[PDB]
Amino acid sequence: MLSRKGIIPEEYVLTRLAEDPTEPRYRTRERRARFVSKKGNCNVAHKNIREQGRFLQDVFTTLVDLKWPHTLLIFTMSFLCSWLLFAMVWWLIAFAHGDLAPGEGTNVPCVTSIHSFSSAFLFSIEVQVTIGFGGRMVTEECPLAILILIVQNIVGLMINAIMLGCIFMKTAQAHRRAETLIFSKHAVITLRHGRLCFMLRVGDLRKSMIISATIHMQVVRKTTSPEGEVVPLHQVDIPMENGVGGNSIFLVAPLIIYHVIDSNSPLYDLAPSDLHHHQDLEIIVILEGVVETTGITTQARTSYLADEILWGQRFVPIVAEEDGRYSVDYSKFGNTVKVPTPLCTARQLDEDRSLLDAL
Amino acid sequence: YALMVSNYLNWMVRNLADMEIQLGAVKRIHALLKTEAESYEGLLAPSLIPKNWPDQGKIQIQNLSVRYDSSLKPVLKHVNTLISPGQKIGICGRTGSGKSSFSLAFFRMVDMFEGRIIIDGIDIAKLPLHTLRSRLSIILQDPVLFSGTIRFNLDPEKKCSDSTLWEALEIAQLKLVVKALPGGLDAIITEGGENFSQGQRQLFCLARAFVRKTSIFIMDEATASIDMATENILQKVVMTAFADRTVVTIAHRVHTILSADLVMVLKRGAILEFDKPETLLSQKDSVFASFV
Amino acid sequence: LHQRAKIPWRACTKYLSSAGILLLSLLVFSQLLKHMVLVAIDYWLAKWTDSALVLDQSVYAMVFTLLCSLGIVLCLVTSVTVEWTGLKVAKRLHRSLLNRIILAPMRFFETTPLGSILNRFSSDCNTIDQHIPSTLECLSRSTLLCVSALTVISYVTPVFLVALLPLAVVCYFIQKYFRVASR
C-alpha cells in the first residue's frame with residue numbers, strides 16, 4: 001500500500017512542462033486494408049450488427065457451414081443426449097413399476113431384464129438405433145412403456161433424418177473446389193491492338209469442367225461526386241471485353257482475362273507512377289459457375305492492389321503442342337516479361353492518336 | 001497465512017508496477033548524466049606558460065577555423081586579422097553569416113578545427129577554461145540578472161568593497177538609482193530586477209565588466225532601446241573606451257554601428273572586406289553599400 | 001520492442017549503488033532477519049499451542065515474549081535503515097546532477113529544451129527523494145511476506161507445492177499483462 005490513501009494531497013506546484021513526443025511513424029503502423037484476401041476470405045469485419053436471432057433461427061444453414069470436427073461433436077452429442085434422456089425415462093419407469101426390486105416369479109416386468117441403469121441405457125441404445133438384442137423386450141404389462149417406445153422411435157427417426165440431411169448437404173459442399181481455381185498473383189498492363197488493356201490470367205487444376213463460368217470484375221475505389229458525395233467503397237463494374245459483350249468464359253486451359261480501357265472505364269486516368277504501394281485501388285475479380293460433378297454454384301475471388309499491378313509486362317505463352325495432345329505448363333503460369341509501353345495515362349494515348357490523325 | 005495470501009500477491013504486483021513507473025524517474029536523471037563534455041584540460045603550465053594575467057589586449061586572430069557541429073556549415077575562413085593594443089576594432093559582419101557566432105566563439109566555446117586563437121601572442125587554445133574565461137569581459141544582447149544582493153549580482157567572486165565596487169557602479173551609470181536603492185551596493189535585486197529598468201541592465205553589465213579589471217570588453221547592440229537610452233549607451237561606450245581602452249563590438253544597429261576604428265564583413269562565410277581604418281570602408285563602393 | 005521497459009537490474013542497481021555497500025548490506029540483512037523472526041514467532045506459537053492442548057509452559061511464554069521483543073526491535077531497525085538509505089541516495093544523486101550540469105557545453109543548452117532539463121531536474125528529484133523510499137519499503141515488505149507465506153504453507157502441507165507451480169504460472173501471467181497495461 002504505497003499510495004492506497006496517501007495520494008489524496010496534490011502539490012499543484014509541479015515543474016512538468018513540454019517534452020518530446022517521440023511518436024511512432026504512421027507509415028509503418030498503417031497498412032492497406034484489403035477488401036478481400038488473395039484467396040477469397042473477405043477481410044471486412046462487420047460491426048454493431050443488431051442480433052434478432054436470425055443467425056440461430058436457420059440452424060440447418062449453420063450446421064452445414066460449421067467445420068467437420070464441430071459437426072461431428074454435434075452429431076455425437078445429439079445422439080448421446082437422446083440416448084441418455086430416454087435411458088433416464090426407461091430406468092425410472094422400471095423403478096416406478098417396482099420390477100427391479102422383487103425378483104418375484106409371478107410378477108411380470110414391463111421391460112424384461114432391467115436390473116440396473118446400465119441395462120436401461122443399453123435398452124435405450126437398442127431401441128433408438130434399432131438393434132434389438134432381444135434380451136430386453138417390451139411386455140404388455142404397462143401401456144406407458146408402449147407410449148414411450150412410440151415416442152423414442154419417432155424422436156430417433158426425426159433426429160436421424162435431420163442429421164442425414166445435414167450430412168448430405170455437407171458432402172455436396174463445393175467450397176474446396178473453388179480452391180483449385182487459380183488466379184495469377186500479379187496482373188499486368190500492355191497495349192493489345194493499340195488499346196491499353198488490364199490483363200490477368202485464371203486457370204483450373206481439376207480435370208472436371210465448371211459449367212456457366214461467369215467472370216465479373218470491379219474497381220474498388222473511394223469516389224467523390226461533384227455534389228459532395230463521399231462513397232467509402234464505390235464498387236464500379238468492369239466489362240470483360242468478350243466477343244459478344246457478355247461475362248461468360250469457357251475454361252480448360254489457362255486464359256487471359258483482359259479489359260480494354262476506354263473513356264467509360266474508371267481506369268482511364270492511371271499513371272505508372274500513380275501505381276505505388278499507398279494507392280487507393282483494388283481490382284476485385286469474381287469467377288462464378290456451377291460445378292458439373294455436384295450441380296452446386298461456386299465463387300472464386302481475388303484482389304489486385306495497386307502494388308500488385310506490373311505496368312508494361314505481358315504473360316508468357318503456356319500452351320505448346322509437344323505431342324498429339326496439347327500441353328499446358330503451369331510452371332510458367334505466373335511468369336511475366338517486360339515489353340515497351342507509353343509510360344503515361346491512357347487518356348494521353350487517345351489524345352495523341354487524335355492529334356496525329358488531325359495533323 | 002492462507003487467508004492473507006490474497007492481499008499479499010495484490011500488494012506485490014501493485015508495488016512492482018509503482019516501482020517501475022518511479023524507477024523511470026531515475027533512468028531519466030541518469031540520461032541527463034550521460035552528457036559528458038566541457039573538459040577543463042589545460043595541456044600547458046597554467047601559471048608558467050602564460051604570465052600572471054593577460055592585460056595588453058593584442059589578441060590577433062590567426063586562421064581561426066570555427067565550427068559547432070562540424071557537419072555542414074563552417075562560418076570563418078582563415079581570419080588573418082590583428083587588433084592592435086588599444087585599437088578598439090568595432091566590426092559587425094553580415095547579420096546572416098558571422099554576426100553572433102563570431103562573438104560567441106571568441107570565448108573558446110566552439111569547435112576550433114585548426115589554427116590558433118591567440119591571446120596577446122599566447123596560445124589560448126590550451127589555456128585553463130576556468131581562468132581564461134574570467135579575465136575577458138563581454139556583454140550580450142539579451143541582458144539578465146540573477147537575483148540576490150547587488151554585490152553578489154555584480155561581482156560575487158571578486159567581492160569588491162564599497163570604495164571600489166560602489167564608486168565604479170555609481171560613476172558608470174544609475175547614480176539616481178544608487179541613491180534610490182534602499183540598501184545600496186548590498187541591496188537584494190528583487191527577482192532579477194523585474195521593474196528596475198531595461199537600459200540600466202546593460203549599464204550594470206558594463207559596470208560589472210569594469211569590476212573584473214579586464215581590459216577587453218566585447219560588446220553587442222541592444223535588441224531594443226529608446227533614443228535617449230541610445231545616447232546613454234553611447235556615453236557608456238565612450239566612458240568604457242576612455243577607461244579600458246579596449247573593446248570589440250559587433251553591433252547589429254547598422255545606423256549606429258558606424259563610429260568605430262576598424263570594419264570587417266563576413267559575407268557568405270568569408271571575409272570579403274577588411275579595413276583597419278573606418279574611412280577605408282566608407283571609401284569603397286561594395287563595402288559602403290553593405291555598411292549603409 | 002521497447003514496451004518491456006521494466007529494469008530488473010538496469011536501473012535498480014544504480015539506485016542501490018548510489019546508496020553504497022555499507023548501507024545496502026545493512027538494509028537487506030535487517031529486512032531478512034526481521035521476516036525470519038516473524039516466521040519463527042508464528043512457528044513457536046503453533047508449537048506452544050500444540051503442547052498446551054495435550055497438557056514447561058512458563059518457558060514457552062518466556063521464549064514467546066523474548067521473540068516478540070526481537071521482532072519489534074528488528075522492525076524499528078529495518079524502518080530506520082530503509083529511510084536513511086533513501087536519504088543518502090537522493091543527496092548523492094542531486095549533488096552529482098548539479099555538478100555535471102555545470103560542466104556542459106553551451107551547444108547542449110542551446111539544443112536541448114529548457115523544459116526538458118527543468119522538468120527532469122525538479123519533478124524527477126522529488127519523486128526519487130520522497131516517493132521511492134516509501135515505495136521500496138512497501139514493495140520489499142510485500143514480496144518478502146508473500147515468499148514467507150508460501151514457504152510456511154508448503155512447510156505445513158508438502159502436497160501444496162505440487163499444485164503451487166501450475167497456480168504460480170497463472171499468477172505470473174496476470175502480473176505480466178497488468179504491468180504492460182498499467183504503465
# chains A, B, ... in the order shown; residues from 1 in each chain; ligands from 1
$ select_by_dssp --residues "range 136-166 of chain B" --states "strand (DSSP E or B)" --output "PDB file with N, CA, C and O atoms, in the first residue's frame"
ATOM      1  N   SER B 137      36.078  40.431 -20.243  1.00  0.00           N
ATOM      2  CA  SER B 137      34.712  40.901 -20.072  1.00  0.00           C
ATOM      3  C   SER B 137      33.974  40.913 -21.406  1.00  0.00           C
ATOM      4  O   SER B 137      34.576  41.048 -22.475  1.00  0.00           O
ATOM      5  N   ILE B 138      32.652  40.766 -21.336  1.00  0.00           N
ATOM      6  CA  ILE B 138      31.791  40.767 -22.513  1.00  0.00           C
ATOM      7  C   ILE B 138      30.409  41.264 -22.109  1.00  0.00           C
ATOM      8  O   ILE B 138      30.090  41.396 -20.926  1.00  0.00           O
ATOM      9  N   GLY B 148      19.492  38.405  -6.071  1.00  0.00           N
ATOM     10  CA  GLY B 148      20.377  38.400  -4.931  1.00  0.00           C
ATOM     11  C   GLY B 148      20.877  39.798  -4.646  1.00  0.00           C
ATOM     12  O   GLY B 148      20.366  40.784  -5.175  1.00  0.00           O
ATOM     13  N   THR B 149      21.900  39.876  -3.800  1.00  0.00           N
ATOM     14  CA  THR B 149      22.454  41.162  -3.404  1.00  0.00           C
ATOM     15  C   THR B 149      23.131  41.849  -4.586  1.00  0.00           C
ATOM     16  O   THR B 149      23.569  41.204  -5.543  1.00  0.00           O
TER      17      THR B 149
END
$ closest_atom_pairs --of "chain B" --to "chain C" --cutoff "10 Å" --atoms "only C-alpha atoms" --output "JSON lines"
{"residue": "B:1", "atom": "CA", "partner": "C:149", "partner_atom": "CA", "distance": 5.9}
{"residue": "B:2", "atom": "CA", "partner": "C:153", "partner_atom": "CA", "distance": 7.1}
{"residue": "B:3", "atom": "CA", "partner": "C:149", "partner_atom": "CA", "distance": 9.9}
{"residue": "B:4", "atom": "CA", "partner": "C:149", "partner_atom": "CA", "distance": 8.2}
{"residue": "B:5", "atom": "CA", "partner": "C:146", "partner_atom": "CA", "distance": 6.7}
{"residue": "B:6", "atom": "CA", "partner": "C:146", "partner_atom": "CA", "distance": 9.5}
{"residue": "B:7", "atom": "CA", "partner": "C:142", "partner_atom": "CA", "distance": 9.1}
{"residue": "B:8", "atom": "CA", "partner": "C:146", "partner_atom": "CA", "distance": 5.6}
{"residue": "B:9", "atom": "CA", "partner": "C:146", "partner_atom": "CA", "distance": 6.6}
{"residue": "B:10", "atom": "CA", "partner": "C:142", "partner_atom": "CA", "distance": 8.8}
{"residue": "B:11", "atom": "CA", "partner": "C:142", "partner_atom": "CA", "distance": 5.9}
{"residue": "B:12", "atom": "CA", "partner": "C:142", "partner_atom": "CA", "distance": 5.3}
{"residue": "B:13", "atom": "CA", "partner": "C:175", "partner_atom": "CA", "distance": 6.1}
{"residue": "B:14", "atom": "CA", "partner": "C:139", "partner_atom": "CA", "distance": 8.4}
{"residue": "B:15", "atom": "CA", "partner": "C:139", "partner_atom": "CA", "distance": 5.1}
{"residue": "B:16", "atom": "CA", "partner": "C:139", "partner_atom": "CA", "distance": 6.5}
{"residue": "B:17", "atom": "CA", "partner": "C:179", "partner_atom": "CA", "distance": 5.8}
{"residue": "B:18", "atom": "CA", "partner": "C:135", "partner_atom": "CA", "distance": 7.3}
{"residue": "B:19", "atom": "CA", "partner": "C:135", "partner_atom": "CA", "distance": 6.5}
{"residue": "B:20", "atom": "CA", "partner": "C:6", "partner_atom": "CA", "distance": 6.0}
{"residue": "B:21", "atom": "CA", "partner": "C:183", "partner_atom": "CA", "distance": 6.7}
{"residue": "B:22", "atom": "CA", "partner": "C:132", "partner_atom": "CA", "distance": 6.7}
{"residue": "B:23", "atom": "CA", "partner": "C:11", "partner_atom": "CA", "distance": 6.8}
{"residue": "B:24", "atom": "CA", "partner": "C:11", "partner_atom": "CA", "distance": 8.2}
{"residue": "B:25", "atom": "CA", "partner": "C:124", "partner_atom": "CA", "distance": 5.1}
{"residue": "B:26", "atom": "CA", "partner": "C:128", "partner_atom": "CA", "distance": 7.0}
{"residue": "B:27", "atom": "CA", "partner": "C:11", "partner_atom": "CA", "distance": 6.3}
{"residue": "B:28", "atom": "CA", "partner": "C:120", "partner_atom": "CA", "distance": 6.7}
{"residue": "B:29", "atom": "CA", "partner": "C:120", "partner_atom": "CA", "distance": 6.4}
{"residue": "B:30", "atom": "CA", "partner": "C:97", "partner_atom": "CA", "distance": 8.4}
{"residue": "B:31", "atom": "CA", "partner": "C:120", "partner_atom": "CA", "distance": 9.6}
{"residue": "B:32", "atom": "CA", "partner": "C:97", "partner_atom": "CA", "distance": 7.8}
{"residue": "B:33", "atom": "CA", "partner": "C:97", "partner_atom": "CA", "distance": 6.4}
{"residue": "B:34", "atom": "CA", "partner": "C:100", "partner_atom": "CA", "distance": 9.2}
{"residue": "B:35", "atom": "CA", "partner": "C:104", "partner_atom": "CA", "distance": 7.6}
{"residue": "B:36", "atom": "CA", "partner": "C:104", "partner_atom": "CA", "distance": 6.9}
{"residue": "B:37", "atom": "CA", "partner": "C:104", "partner_atom": "CA", "distance": 5.6}
{"residue": "B:38", "atom": "CA", "partner": "C:104", "partner_atom": "CA", "distance": 5.2}
{"residue": "B:39", "atom": "CA", "partner": "C:103", "partner_atom": "CA", "distance": 7.5}
{"residue": "B:40", "atom": "CA", "partner": "C:103", "partner_atom": "CA", "distance": 8.8}
{"residue": "B:68", "atom": "CA", "partner": "C:107", "partner_atom": "CA", "distance": 7.6}
{"residue": "B:69", "atom": "CA", "partner": "C:107", "partner_atom": "CA", "distance": 8.9}
{"residue": "B:104", "atom": "CA", "partner": "C:106", "partner_atom": "CA", "distance": 9.7}
{"residue": "B:109", "atom": "CA", "partner": "C:106", "partner_atom": "CA", "distance": 7.0}
{"residue": "B:110", "atom": "CA", "partner": "C:107", "partner_atom": "CA", "distance": 8.3}
$ atom_distance --atom1 "CA of residue 182 in chain B" --atom2 "CA of residue 150 in chain B"
11.2 Å
$ select_by_dssp --residues "range 26-173 of chain B" --states "alpha helix (DSSP H)" --output "ChimeraX atom specification"
/B:26-33,100-105,129-132,150-154,167-172
$ write_last_selection --atoms "C-alpha atoms" --output "compact mmCIF listing (two decimals), in the first residue's frame"
# COMPACT_ATOMS: atom_id res chain seq x y z
CA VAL B 26 15.91 7.64 -12.13
CA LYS B 27 16.52 6.47 -15.69
CA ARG B 28 15.81 9.99 -16.96
CA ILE B 29 18.14 11.53 -14.36
CA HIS B 30 20.97 9.21 -15.40
CA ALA B 31 20.12 10.07 -19.01
CA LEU B 32 20.96 13.70 -18.22
CA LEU B 33 24.15 12.49 -16.51
CA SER B 100 26.63 36.49 -33.46
CA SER B 101 28.57 33.25 -33.98
CA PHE B 102 31.84 35.22 -34.15
CA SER B 103 31.38 36.82 -30.72
CA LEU B 104 30.07 33.60 -29.17
CA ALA B 105 33.07 31.56 -30.36
CA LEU B 129 38.98 27.45 -19.29
CA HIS B 130 38.27 28.23 -15.62
CA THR B 131 40.78 31.11 -15.53
CA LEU B 132 40.87 32.24 -19.17
CA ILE B 150 23.83 43.95 -5.58
CA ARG B 151 27.37 42.96 -4.57
CA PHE B 152 26.51 39.30 -5.21
CA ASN B 153 24.99 40.13 -8.60
CA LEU B 154 27.79 42.46 -9.73
CA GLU B 167 32.31 54.01 -6.81
CA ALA B 168 32.68 52.31 -10.20
CA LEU B 169 28.98 51.42 -10.39
CA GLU B 170 27.73 54.90 -9.45
CA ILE B 171 30.18 56.71 -11.75
CA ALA B 172 29.39 54.49 -14.74
$ interface_residues --of "chain A" --to "chain C" --cutoff "7 Å" --atoms "only C-alpha atoms" --output "ChimeraX atom specification"
/A:1-2,14-19
$ residues_around --residues "residue 96 in chain A" --least-positions-apart "5" --cutoff "12 Å" --atoms "only C-alpha atoms" --output "PyMOL selection string"
chain A and resi 88-91+101+109-111+142+144-145
$ write_last_selection --atoms "N, CA and C atoms" --output "PDB file, in the first residue's frame"
ATOM      1  N   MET A  88     -32.902 -42.410 -18.958  1.00  0.00           N
ATOM      2  CA  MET A  88     -33.479 -41.954 -17.698  1.00  0.00           C
ATOM      3  C   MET A  88     -34.948 -42.347 -17.596  1.00  0.00           C
ATOM      4  N   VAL A  89     -35.709 -42.129 -18.671  1.00  0.00           N
ATOM      5  CA  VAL A  89     -37.135 -42.446 -18.655  1.00  0.00           C
ATOM      6  C   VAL A  89     -37.351 -43.943 -18.466  1.00  0.00           C
ATOM      7  N   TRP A  90     -36.588 -44.768 -19.188  1.00  0.00           N
ATOM      8  CA  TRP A  90     -36.760 -46.215 -19.089  1.00  0.00           C
ATOM      9  C   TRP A  90     -36.364 -46.724 -17.709  1.00  0.00           C
ATOM     10  N   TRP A  91     -35.237 -46.243 -17.181  1.00  0.00           N
ATOM     11  CA  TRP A  91     -34.833 -46.632 -15.834  1.00  0.00           C
ATOM     12  C   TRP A  91     -35.877 -46.225 -14.802  1.00  0.00           C
ATOM     13  N   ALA A 101     -36.917 -54.442  -7.963  1.00  0.00           N
ATOM     14  CA  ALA A 101     -36.804 -54.782  -6.550  1.00  0.00           C
ATOM     15  C   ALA A 101     -37.084 -56.261  -6.291  1.00  0.00           C
ATOM     16  N   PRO A 109     -42.282 -58.104 -15.317  1.00  0.00           N
ATOM     17  CA  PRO A 109     -41.775 -56.741 -15.502  1.00  0.00           C
ATOM     18  C   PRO A 109     -42.236 -56.156 -16.827  1.00  0.00           C
ATOM     19  N   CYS A 110     -42.409 -54.833 -16.845  1.00  0.00           N
ATOM     20  CA  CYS A 110     -42.837 -54.167 -18.067  1.00  0.00           C
ATOM     21  C   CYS A 110     -41.716 -54.044 -19.089  1.00  0.00           C
ATOM     22  N   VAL A 111     -40.461 -54.177 -18.662  1.00  0.00           N
ATOM     23  CA  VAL A 111     -39.322 -54.259 -19.572  1.00  0.00           C
ATOM     24  C   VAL A 111     -38.412 -55.377 -19.081  1.00  0.00           C
ATOM     25  N   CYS A 142     -47.508 -52.669 -18.788  1.00  0.00           N
ATOM     26  CA  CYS A 142     -47.804 -51.259 -18.556  1.00  0.00           C
ATOM     27  C   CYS A 142     -47.906 -50.560 -19.905  1.00  0.00           C
ATOM     28  N   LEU A 144     -47.795 -47.471 -20.510  1.00  0.00           N
ATOM     29  CA  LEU A 144     -46.890 -46.328 -20.573  1.00  0.00           C
ATOM     30  C   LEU A 144     -45.597 -46.668 -21.303  1.00  0.00           C
ATOM     31  N   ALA A 145     -45.111 -47.904 -21.165  1.00  0.00           N
ATOM     32  CA  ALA A 145     -43.908 -48.309 -21.888  1.00  0.00           C
ATOM     33  C   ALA A 145     -44.127 -48.269 -23.394  1.00  0.00           C
TER      34      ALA A 145
END
$ residues_around --residues "residue 49 in chain C" --least-positions-apart "5" --cutoff "12 Å" --atoms "only C-alpha atoms" --output "PyMOL selection string"
chain C and resi 42-44+54-55+57+60-61+64
$ write_last_selection --atoms "C-alpha atoms" --output "PDB file, in the first residue's frame"
ATOM      1  CA  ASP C  42       4.487 -17.785  14.271  1.00  0.00           C
ATOM      2  CA  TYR C  43       6.049 -21.259  14.314  1.00  0.00           C
ATOM      3  CA  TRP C  44       6.709 -21.037  18.059  1.00  0.00           C
ATOM      4  CA  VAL C  54      -2.353 -32.313  25.340  1.00  0.00           C
ATOM      5  CA  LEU C  55      -1.440 -30.935  28.785  1.00  0.00           C
ATOM      6  CA  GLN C  57       4.604 -23.713  29.681  1.00  0.00           C
ATOM      7  CA  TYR C  60       7.071 -21.140  26.247  1.00  0.00           C
ATOM      8  CA  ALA C  61       5.778 -17.744  27.387  1.00  0.00           C
ATOM      9  CA  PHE C  64       7.447 -16.032  23.092  1.00  0.00           C
TER      10      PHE C  64
END
$ residues_around --residues "range 257-268 of chain A" --least-positions-apart "2" --cutoff "7 Å" --atoms "only C-alpha atoms" --output "PyMOL selection string"
chain A and resi 195-201+239-241+255+270+346-347
